[PDB]
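So this block is coords_33.txt, compact mmCIF, C-alpha atoms and all ligand atoms:
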# COMPACT_ATOMS: atom_id res chain seq x y z
CA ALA U 1 -18.54 -11.92 -11.91
CA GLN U 2 -16.88 -9.88 -9.16
CA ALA U 3 -13.45 -8.30 -9.21
CA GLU U 4 -10.62 -10.28 -7.68
CA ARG U 5 -9.05 -7.37 -5.80
CA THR U 6 -10.18 -4.40 -3.85
CA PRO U 7 -7.71 -1.58 -3.12
CA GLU U 8 -5.95 -1.86 0.25
CA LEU U 9 -6.74 1.54 1.77
CA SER K 1 -27.04 -0.49 -27.15
CA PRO K 2 -25.37 1.00 -24.06
CA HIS K 3 -25.02 -1.69 -21.38
CA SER K 4 -23.33 -1.76 -18.00
CA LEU K 5 -22.24 -4.26 -15.38
CA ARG K 6 -21.84 -2.74 -11.91
CA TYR K 7 -21.25 -4.05 -8.38
CA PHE K 8 -22.37 -2.03 -5.33
CA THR K 9 -20.57 -2.90 -2.10
CA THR K 10 -21.34 -1.59 1.40
CA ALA K 11 -19.58 -2.46 4.65
CA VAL K 12 -20.97 -1.10 7.92
CA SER K 13 -18.89 -1.45 11.08
CA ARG K 14 -20.73 -2.41 14.25
CA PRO K 15 -19.67 -0.93 17.61
CA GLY K 16 -19.63 -3.84 20.04
CA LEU K 17 -19.56 -6.65 17.50
CA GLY K 18 -16.40 -7.29 15.53
CA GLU K 19 -17.65 -8.29 12.06
CA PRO K 20 -19.26 -5.52 9.97
CA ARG K 21 -22.40 -5.84 7.91
CA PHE K 22 -21.31 -6.55 4.33
CA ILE K 23 -23.63 -6.26 1.30
CA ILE K 24 -22.89 -6.76 -2.39
CA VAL K 25 -25.54 -6.28 -5.08
CA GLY K 26 -24.76 -6.89 -8.75
CA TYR K 27 -26.55 -5.14 -11.64
CA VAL K 28 -26.63 -5.49 -15.39
CA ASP K 29 -28.12 -2.17 -16.54
CA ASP K 30 -31.12 -1.55 -14.18
CA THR K 31 -31.71 -5.27 -13.52
CA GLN K 32 -30.23 -6.68 -10.30
CA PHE K 33 -29.12 -10.29 -10.65
CA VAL K 34 -26.84 -11.35 -7.73
CA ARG K 35 -26.73 -10.56 -4.01
CA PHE K 36 -24.51 -11.24 -1.01
CA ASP K 37 -25.52 -10.30 2.55
CA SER K 38 -23.29 -10.84 5.60
CA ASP K 39 -26.33 -11.21 7.87
CA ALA K 40 -27.90 -14.13 6.06
CA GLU K 41 -28.44 -17.43 7.83
CA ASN K 42 -25.70 -18.78 5.55
CA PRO K 43 -24.02 -15.88 3.72
CA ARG K 44 -23.85 -17.04 0.10
CA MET K 45 -23.88 -15.38 -3.30
CA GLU K 46 -27.53 -15.77 -4.39
CA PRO K 47 -29.46 -15.28 -7.68
CA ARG K 48 -31.75 -12.27 -7.97
CA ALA K 49 -32.86 -12.88 -11.56
CA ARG K 50 -33.97 -16.17 -13.01
CA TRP K 51 -31.64 -15.96 -16.00
CA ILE K 52 -28.46 -16.09 -13.85
CA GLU K 53 -29.70 -19.42 -12.53
CA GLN K 54 -28.17 -20.81 -15.75
CA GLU K 55 -24.75 -20.89 -14.05
CA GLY K 56 -23.42 -24.10 -12.58
CA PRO K 57 -22.41 -24.50 -8.93
CA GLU K 58 -18.75 -23.62 -9.69
CA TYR K 59 -19.83 -20.07 -10.52
CA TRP K 60 -21.76 -19.85 -7.23
CA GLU K 61 -18.89 -21.40 -5.25
CA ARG K 62 -16.26 -19.04 -6.66
CA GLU K 63 -18.50 -16.00 -6.21
CA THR K 64 -19.42 -16.98 -2.64
CA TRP K 65 -15.77 -17.37 -1.65
CA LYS K 66 -14.76 -14.13 -3.35
CA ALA K 67 -17.61 -12.24 -1.69
CA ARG K 68 -16.48 -13.73 1.63
CA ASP K 69 -12.88 -12.75 0.88
CA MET K 70 -13.96 -9.19 -0.01
CA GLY K 71 -15.74 -8.91 3.32
CA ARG K 72 -12.53 -9.69 5.16
CA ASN K 73 -10.71 -7.00 3.19
CA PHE K 74 -13.46 -4.47 3.90
CA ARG K 75 -13.25 -5.28 7.61
CA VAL K 76 -9.52 -4.48 7.53
CA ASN K 77 -9.93 -1.32 5.46
CA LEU K 78 -12.56 -0.06 7.91
CA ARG K 79 -10.06 -0.61 10.73
CA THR K 80 -7.29 1.15 8.77
CA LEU K 81 -9.50 4.19 8.24
CA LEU K 82 -10.38 4.27 11.95
CA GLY K 83 -6.72 5.08 12.64
CA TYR K 84 -6.24 7.43 9.68
CA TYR K 85 -9.03 9.61 11.05
CA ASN K 86 -8.32 8.95 14.77
CA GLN K 87 -11.88 7.79 15.45
CA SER K 88 -13.32 5.64 18.22
CA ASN K 89 -14.68 2.11 17.97
CA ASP K 90 -18.04 2.84 19.66
CA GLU K 91 -19.52 4.49 16.52
CA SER K 92 -20.61 3.14 13.15
CA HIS K 93 -18.90 3.95 9.84
CA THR K 94 -19.48 2.81 6.26
CA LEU K 95 -17.25 2.03 3.29
CA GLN K 96 -19.00 1.96 -0.10
CA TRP K 97 -17.45 0.66 -3.34
CA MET K 98 -18.87 0.87 -6.86
CA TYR K 99 -17.15 -0.67 -9.86
CA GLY K 100 -17.96 -2.04 -13.27
CA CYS K 101 -17.98 -1.27 -16.94
CA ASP K 102 -20.04 0.69 -19.43
CA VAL K 103 -19.85 -0.94 -22.87
CA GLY K 104 -21.10 0.53 -26.11
CA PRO K 105 -23.27 -0.84 -28.90
CA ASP K 106 -20.29 -2.48 -30.63
CA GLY K 107 -19.69 -4.10 -27.22
CA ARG K 108 -16.40 -2.26 -26.52
CA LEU K 109 -15.54 -0.64 -23.17
CA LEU K 110 -16.54 3.04 -22.85
CA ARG K 111 -15.91 3.78 -19.17
CA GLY K 112 -14.76 1.68 -16.22
CA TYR K 113 -15.37 2.58 -12.60
CA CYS K 114 -13.61 1.85 -9.33
CA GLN K 115 -14.64 4.37 -6.68
CA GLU K 116 -15.11 4.40 -2.90
CA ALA K 117 -16.70 6.59 -0.23
CA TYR K 118 -16.24 6.76 3.56
CA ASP K 119 -19.30 7.81 5.56
CA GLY K 120 -20.98 8.63 2.27
CA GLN K 121 -18.45 11.21 1.05
CA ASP K 122 -15.95 10.75 -1.80
CA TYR K 123 -12.80 8.97 -0.56
CA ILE K 124 -10.73 7.65 -3.48
CA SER K 125 -11.75 7.03 -7.08
CA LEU K 126 -10.03 5.59 -10.12
CA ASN K 127 -9.75 8.12 -12.93
CA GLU K 128 -11.18 7.70 -16.42
CA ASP K 129 -7.69 6.86 -17.78
CA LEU K 130 -7.80 3.78 -15.46
CA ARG K 131 -4.19 4.64 -14.54
CA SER K 132 -4.25 7.33 -11.81
CA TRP K 133 -6.32 8.02 -8.69
CA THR K 134 -8.11 10.97 -7.12
CA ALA K 135 -7.98 11.48 -3.36
CA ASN K 136 -10.10 13.84 -1.30
CA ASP K 137 -8.35 14.58 2.04
CA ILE K 138 -5.29 13.51 4.06
CA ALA K 139 -6.51 9.98 4.61
CA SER K 140 -7.36 9.15 0.99
CA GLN K 141 -3.99 10.68 0.04
CA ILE K 142 -2.33 7.86 2.03
CA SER K 143 -4.56 5.26 0.39
CA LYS K 144 -3.74 6.75 -3.02
CA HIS K 145 0.00 6.56 -2.27
CA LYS K 146 -0.31 2.94 -1.11
CA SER K 147 -2.12 2.15 -4.37
CA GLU K 148 0.39 3.92 -6.59
CA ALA K 149 3.16 1.89 -4.92
CA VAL K 150 1.53 -1.50 -5.62
CA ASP K 151 0.20 -0.46 -9.05
CA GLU K 152 -3.40 -0.96 -7.99
CA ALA K 153 -4.52 0.90 -11.13
CA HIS K 154 -3.29 -1.83 -13.46
CA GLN K 155 -4.98 -4.52 -11.41
CA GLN K 156 -8.32 -2.69 -11.65
CA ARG K 157 -7.77 -1.71 -15.29
CA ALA K 158 -7.18 -5.40 -16.02
CA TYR K 159 -10.51 -6.35 -14.48
CA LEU K 160 -12.50 -3.60 -16.19
CA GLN K 161 -11.07 -4.14 -19.70
CA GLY K 162 -11.20 -7.95 -19.59
CA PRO K 163 -13.49 -9.99 -17.32
CA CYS K 164 -16.01 -7.17 -16.71
CA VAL K 165 -16.54 -6.81 -20.48
CA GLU K 166 -16.52 -10.58 -21.14
CA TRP K 167 -18.78 -11.38 -18.20
CA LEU K 168 -21.17 -8.61 -19.26
CA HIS K 169 -21.32 -10.26 -22.70
CA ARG K 170 -22.15 -13.63 -21.18
CA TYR K 171 -24.91 -12.17 -18.99
CA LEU K 172 -26.44 -10.28 -21.91
CA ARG K 173 -26.61 -13.65 -23.70
CA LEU K 174 -28.08 -15.56 -20.74
CA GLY K 175 -30.64 -12.89 -19.98
CA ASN K 176 -31.11 -11.71 -23.57
CA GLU K 177 -34.89 -12.05 -23.43
CA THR K 178 -35.23 -9.71 -20.46
CA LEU K 179 -32.11 -7.54 -20.73
CA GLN K 180 -32.11 -6.78 -24.49
CA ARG K 181 -35.66 -5.45 -24.69
CA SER K 182 -37.46 -2.13 -24.61
CA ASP K 183 -40.88 -1.98 -23.01
CA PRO K 184 -42.28 1.45 -23.88
CA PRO K 185 -44.33 3.22 -21.20
CA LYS K 186 -48.10 3.41 -21.15
CA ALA K 187 -49.23 6.86 -20.16
CA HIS K 188 -52.28 8.76 -18.97
CA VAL K 189 -53.14 12.01 -17.19
CA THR K 190 -55.17 12.16 -13.97
CA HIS K 191 -57.09 15.14 -12.59
CA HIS K 192 -57.26 16.14 -8.92
CA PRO K 193 -58.77 19.38 -7.54
CA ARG K 194 -56.20 21.19 -5.38
CA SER K 195 -58.11 24.37 -4.39
CA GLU K 196 -61.19 26.35 -5.47
CA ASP K 197 -59.69 27.97 -8.60
CA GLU K 198 -57.03 25.29 -9.25
CA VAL K 199 -56.42 21.66 -10.29
CA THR K 200 -53.46 19.21 -10.14
CA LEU K 201 -52.64 17.39 -13.41
CA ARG K 202 -50.48 14.27 -13.09
CA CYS K 203 -48.84 12.59 -16.09
CA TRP K 204 -48.26 8.89 -15.47
CA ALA K 205 -45.79 6.63 -17.22
CA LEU K 206 -46.02 2.95 -16.27
CA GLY K 207 -44.63 -0.46 -17.21
CA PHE K 208 -41.42 0.69 -18.94
CA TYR K 209 -37.92 -0.83 -19.14
CA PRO K 210 -35.15 0.41 -18.96
CA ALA K 211 -35.56 2.97 -16.21
CA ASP K 212 -34.49 6.12 -18.07
CA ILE K 213 -37.43 8.29 -19.06
CA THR K 214 -38.30 11.97 -19.31
CA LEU K 215 -41.67 13.63 -18.73
CA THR K 216 -42.29 17.25 -19.68
CA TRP K 217 -45.26 19.51 -19.08
CA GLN K 218 -45.96 22.77 -20.83
CA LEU K 219 -48.60 25.38 -21.34
CA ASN K 220 -49.22 25.23 -25.09
CA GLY K 221 -47.02 27.66 -26.99
CA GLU K 222 -44.87 28.35 -23.92
CA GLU K 223 -41.50 26.89 -23.06
CA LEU K 224 -41.33 23.83 -20.82
CA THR K 225 -42.24 24.28 -17.17
CA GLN K 226 -39.54 23.87 -14.56
CA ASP K 227 -42.20 24.52 -11.89
CA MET K 228 -42.91 20.80 -11.72
CA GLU K 229 -43.58 18.12 -9.12
CA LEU K 230 -41.54 14.97 -9.88
CA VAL K 231 -41.06 11.65 -8.14
CA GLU K 232 -37.99 9.49 -8.37
CA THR K 233 -38.42 6.78 -10.97
CA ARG K 234 -39.42 3.77 -8.87
CA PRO K 235 -39.56 0.01 -9.40
CA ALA K 236 -42.94 -1.64 -9.91
CA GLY K 237 -41.50 -4.83 -8.38
CA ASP K 238 -42.03 -6.92 -11.53
CA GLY K 239 -39.04 -5.60 -13.50
CA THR K 240 -40.65 -2.46 -14.92
CA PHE K 241 -40.59 1.11 -13.62
CA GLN K 242 -42.99 3.96 -12.93
CA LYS K 243 -42.93 7.74 -12.76
CA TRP K 244 -45.22 10.72 -12.72
CA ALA K 245 -44.89 14.47 -13.14
CA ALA K 246 -47.47 16.88 -11.79
CA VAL K 247 -48.43 20.49 -12.42
CA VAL K 248 -51.08 22.79 -10.94
CA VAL K 249 -53.28 24.53 -13.51
CA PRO K 250 -56.31 26.86 -13.40
CA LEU K 251 -59.76 25.31 -13.17
CA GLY K 252 -61.09 25.35 -16.73
CA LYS K 253 -57.79 25.81 -18.59
CA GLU K 254 -56.70 22.16 -18.27
CA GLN K 255 -56.69 21.37 -21.99
CA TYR K 256 -54.15 24.13 -22.64
CA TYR K 257 -51.44 21.97 -21.01
CA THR K 258 -49.58 19.07 -22.63
CA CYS K 259 -47.45 16.20 -21.34
CA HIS K 260 -44.73 14.51 -23.37
CA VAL K 261 -43.18 11.15 -22.58
CA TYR K 262 -39.71 10.19 -23.87
CA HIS K 263 -38.22 6.70 -23.58
CA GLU K 264 -35.78 4.50 -25.50
CA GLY K 265 -38.69 2.35 -26.62
CA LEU K 266 -40.57 5.30 -28.18
CA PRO K 267 -39.52 6.29 -31.73
CA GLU K 268 -41.55 9.44 -31.07
CA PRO K 269 -42.67 10.79 -27.68
CA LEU K 270 -46.14 10.19 -26.36
CA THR K 271 -48.31 13.34 -26.31
CA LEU K 272 -51.08 13.44 -23.71
CA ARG K 273 -53.42 15.94 -22.17
CA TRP K 274 -56.28 15.82 -19.67
CA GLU K 275 -59.32 14.17 -21.33
CA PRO K 276 -62.62 14.76 -19.46
CA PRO K 277 -64.98 11.76 -18.92
CA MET M 1 -22.08 11.89 7.47
CA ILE M 2 -24.17 14.93 6.60
CA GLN M 3 -27.33 12.84 7.32
CA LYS M 4 -29.82 12.64 4.44
CA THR M 5 -33.45 12.21 5.12
CA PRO M 6 -35.44 9.37 3.53
CA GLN M 7 -37.81 10.05 0.66
CA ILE M 8 -40.71 7.62 0.91
CA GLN M 9 -43.16 6.56 -1.80
CA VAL M 10 -46.09 4.22 -1.07
CA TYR M 11 -47.74 2.85 -4.18
CA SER M 12 -49.30 -0.27 -5.66
CA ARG M 13 -47.64 -2.33 -8.38
CA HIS M 14 -50.78 -2.14 -10.52
CA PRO M 15 -53.59 0.47 -10.56
CA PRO M 16 -55.82 -0.39 -7.59
CA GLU M 17 -59.28 -1.94 -7.80
CA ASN M 18 -61.31 -2.81 -4.72
CA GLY M 19 -61.22 -6.59 -4.23
CA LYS M 20 -58.37 -7.40 -6.67
CA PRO M 21 -55.10 -8.71 -5.15
CA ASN M 22 -52.08 -6.51 -5.71
CA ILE M 23 -48.61 -5.64 -4.42
CA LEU M 24 -48.01 -2.67 -2.10
CA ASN M 25 -44.59 -1.02 -2.46
CA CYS M 26 -42.68 1.20 -0.06
CA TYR M 27 -39.72 2.79 -1.87
CA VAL M 28 -37.24 4.63 0.37
CA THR M 29 -34.47 6.62 -1.37
CA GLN M 30 -31.68 9.16 -0.85
CA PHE M 31 -30.92 8.63 2.82
CA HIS M 32 -27.76 8.42 4.91
CA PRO M 33 -26.53 6.69 7.19
CA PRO M 34 -27.68 3.31 5.75
CA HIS M 35 -29.29 2.07 9.00
CA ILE M 36 -33.08 2.28 8.55
CA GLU M 37 -36.21 0.61 9.91
CA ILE M 38 -39.20 0.18 7.60
CA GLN M 39 -42.62 -1.15 8.69
CA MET M 40 -45.66 -1.59 6.46
CA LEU M 41 -49.00 -1.18 8.24
CA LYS M 42 -52.64 -2.08 7.59
CA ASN M 43 -55.10 -0.14 9.74
CA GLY M 44 -52.11 0.93 11.82
CA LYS M 45 -51.24 -2.73 12.53
CA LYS M 46 -47.91 -4.29 11.54
CA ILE M 47 -48.13 -6.38 8.36
CA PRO M 48 -46.17 -9.56 9.21
CA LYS M 49 -44.72 -10.94 5.96
CA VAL M 50 -43.02 -7.98 4.27
CA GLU M 51 -40.44 -8.53 1.53
CA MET M 52 -37.31 -6.38 1.90
CA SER M 53 -35.07 -5.81 -1.10
CA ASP M 54 -31.31 -5.47 -0.95
CA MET M 55 -29.87 -2.11 0.02
CA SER M 56 -27.96 -0.49 -2.85
CA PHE M 57 -26.97 3.13 -3.39
CA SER M 58 -27.07 5.88 -6.01
CA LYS M 59 -24.42 7.84 -7.90
CA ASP M 60 -24.16 10.31 -5.00
CA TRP M 61 -23.62 7.48 -2.39
CA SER M 62 -27.19 7.84 -1.09
CA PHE M 63 -28.97 4.62 -0.09
CA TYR M 64 -32.22 3.12 -1.39
CA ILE M 65 -34.32 0.03 -0.69
CA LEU M 66 -37.74 -1.44 -1.51
CA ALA M 67 -40.24 -3.04 0.88
CA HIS M 68 -43.32 -4.79 -0.49
CA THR M 69 -46.12 -7.17 0.44
CA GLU M 70 -49.16 -8.78 -1.14
CA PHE M 71 -52.42 -6.99 -0.43
CA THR M 72 -56.03 -6.71 -1.61
CA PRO M 73 -57.34 -3.11 -1.52
CA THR M 74 -60.81 -2.65 -0.07
CA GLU M 75 -62.80 0.54 0.32
CA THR M 76 -62.34 0.48 4.13
CA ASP M 77 -58.82 -0.78 4.84
CA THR M 78 -55.97 1.71 5.20
CA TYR M 79 -52.31 1.13 4.34
CA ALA M 80 -49.12 2.94 5.25
CA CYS M 81 -45.36 2.75 5.50
CA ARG M 82 -43.64 3.89 8.71
CA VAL M 83 -39.93 4.70 8.51
CA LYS M 84 -37.45 5.30 11.34
CA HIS M 85 -34.10 6.88 10.59
CA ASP M 86 -31.46 8.91 12.41
CA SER M 87 -32.14 11.99 10.24
CA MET M 88 -35.63 12.16 11.80
CA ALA M 89 -36.64 13.08 15.34
CA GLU M 90 -39.83 10.99 15.00
CA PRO M 91 -40.65 7.96 12.84
CA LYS M 92 -42.47 9.15 9.71
CA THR M 93 -45.71 7.52 8.50
CA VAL M 94 -46.63 7.91 4.81
CA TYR M 95 -50.14 6.69 4.02
CA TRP M 96 -51.09 4.99 0.77
CA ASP M 97 -53.02 7.16 -1.70
CA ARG M 98 -55.26 5.41 -4.23
CA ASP M 99 -54.14 8.04 -6.82
CA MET M 100 -50.53 8.49 -5.48
NI NI Z 301 -22.82 -15.68 10.06
NI NI Z 302 -14.12 11.28 3.34
NI NI Z 303 0.28 -7.43 -12.69
NI NI Z 304 -37.88 -17.92 -23.71
NI NI Z 305 -32.78 -1.34 13.68
NI NI Z 306 -42.76 -10.82 -3.77

Final structure tokens representation of the file:
Amino acid sequence: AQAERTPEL
Amino acid sequence: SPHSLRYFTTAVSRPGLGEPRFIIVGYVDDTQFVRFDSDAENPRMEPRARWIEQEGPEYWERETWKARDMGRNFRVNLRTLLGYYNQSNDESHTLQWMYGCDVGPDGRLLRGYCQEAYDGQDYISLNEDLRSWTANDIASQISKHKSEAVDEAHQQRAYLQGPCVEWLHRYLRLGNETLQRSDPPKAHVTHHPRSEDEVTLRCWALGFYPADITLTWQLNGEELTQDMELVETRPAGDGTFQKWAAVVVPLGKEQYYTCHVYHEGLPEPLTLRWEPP
Amino acid sequence: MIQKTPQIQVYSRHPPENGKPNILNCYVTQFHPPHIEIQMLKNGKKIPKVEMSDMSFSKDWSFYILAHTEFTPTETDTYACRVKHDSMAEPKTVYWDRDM
């Protein structure tokens, strides 16, 4: 299952 | 055994259109099992292995919405980086993101990943400690500072130590029959004249899973040859893999050369040489 | 963007025999940017129903993808993969070899 968050660049 | 769950994410901005092309592929080990593509008729998270079809529609609904949510974040991040670098909107750029977990035989986490690249060059990556970041120029330095300020590391560390490991365990149980197996290669040598006084010997390995394999050639009694023609290990399309290694030898001295084939499914290597018909 | 040029392999799923149906694979690896056009050809004509796998990428950020289609080798017919990519001035055609 995928991560909930990606970094905000 | 060593096992990994990894997600590969690519966003490609389009000059003229507003929504980028967004692709996510999910892998357990070398076996792909989920996919999301922006440019589908209805962009959904879709099975790519039959054993993940054991998940109910709630799994597919949550994963479709999260994929869709990720695409909106990757649209914004692409716009942020446009300004960081002072670039124009009439050219295409890409943001790539890999993440996931390597677990060991006991099933405990060995390494977690969370790394990104802009235009195919290292941008920011999460360190092995899962607590600090590495930046690569002025722009990733800003991103890194943003992420330190919101403690992005502990949000990624949480994913990689918990759900990534637990989900990987569930998938290994659903797809145990195809994921927890070793298919050893089957191997042979072919013979192809290359010039008058010369001959090309090709050592084939076929039908093996997982993908990792090594082929060596040597002249008997001499150290291994680096002077070797290799291909990238390639998918057969049915879930196994293929590879060959070639060497050019003198006409008549073929039997003085030896191929070895190493693979996780081979307690000992295979040992082959050219065998005339 | 450095621009990386595609490596193309054209190969059958199983060892070829004249008359026996089979799968023809075009594996394109280690290229950048990700935008690529892949066509599989029989006797220089476009094969219509060609399966395209999902674009992923390698540990160095380089892209890879698989095209494939059903085919029956015969001693006369000729098969190829043509690839267009920004790293290349011309589209590149790699012909199928019955001994790769
Ligand atoms: Ni749409
Ligand atoms: Ni960069
Ligand atoms: Ni928290
Ligand atoms: Ni069964
Ligand atoms: Ni195109
Ligand atoms: Ni197919």

Practice problem: Tell me which protein, DNA and RNA residues are within 9 Å of residue 13 (chain M), counting all atoms listed in the file, leaving out same-chain ones fewer than 6 positions away, and put them as a ChimeraX atom specification. | Solution: /K:235-238 /M:22-25

Quiz item: What residues have any atom no more than 9 Å from ligand NI 305 (chain Z) when counting all atoms listed in the file, and can you list them as a list in words?
Solution: residues 35, 36, 37, 38, 84 and 85 of chain M

Quiz item: Can you tell me, as a PyMOL selection string, what residues are no more than 10 Å from residue 65 (chain M) when counting all atoms listed in the file, ignoring any on the same chain fewer than 3 positions away?
Solution: chain M and resi 26-31+34+36+38+52-57

With C-alpha atoms retained, could you export that selection as a CSV table (one decimal), in the coordinates of the input?
chain,number,residue,atom,x,y,z
M,26,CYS,CA,-42.7,1.2,-0.1
M,27,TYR,CA,-39.7,2.8,-1.9
M,28,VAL,CA,-37.2,4.6,0.4
M,29,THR,CA,-34.5,6.6,-1.4
M,30,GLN,CA,-31.7,9.2,-0.8
M,31,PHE,CA,-30.9,8.6,2.8
M,34,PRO,CA,-27.7,3.3,5.8
M,36,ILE,CA,-33.1,2.3,8.6
M,38,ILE,CA,-39.2,0.2,7.6
M,52,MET,CA,-37.3,-6.4,1.9
M,53,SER,CA,-35.1,-5.8,-1.1
M,54,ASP,CA,-31.3,-5.5,-1.0
M,55,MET,CA,-29.9,-2.1,0.0
M,56,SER,CA,-28.0,-0.5,-2.8
M,57,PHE,CA,-27.0,3.1,-3.4

Practice problem: Enumerate as a PyMOL selection string the residues within 7 Å of ligand NI 302 (chain Z), counting all atoms listed in the file. | Solution: chain K and resi 117-119+121-123+136-137

Quiz item: What gap, in Å, lies between CA of residue 213 (chain K) and CA of residue 266 (chain K)?
Solution: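 Between CA of residue 213 (chain K) and CA of residue 266 (chain K) the gap works out to 10.1 Å.
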
Self-check item: Residue hits in chain K, query chain U, radius 10 Å, only C-alpha atoms, as a PyMOL selection string
Solution: chain K and resi 5-7+24+26+34+59-60+62-64+66-67+69-70+73-74+76-81+84+97+99-100+114-116+123-124+139-147+150-153+155-156+158-160+163-164+166-168+171

Using only C-alpha atoms and all ligand atoms, which residues of chain M come within 8 Å of ligand NI 306 (chain Z), and what is the closest atom pair for each, with the distance in Å to one decimal? Give it as JSON lines, sorted by chain and residue number.
{"residue": "M:23", "atom": "CA", "partner": "Z:NI306", "partner_atom": "NI", "distance": 7.8}
{"residue": "M:51", "atom": "CA", "partner": "Z:NI306", "partner_atom": "NI", "distance": 6.2}
{"residue": "M:68", "atom": "CA", "partner": "Z:NI306", "partner_atom": "NI", "distance": 6.9}
{"residue": "M:69", "atom": "CA", "partner": "Z:NI306", "partner_atom": "NI", "distance": 6.5}
{"residue": "M:70", "atom": "CA", "partner": "Z:NI306", "partner_atom": "NI", "distance": 7.2}
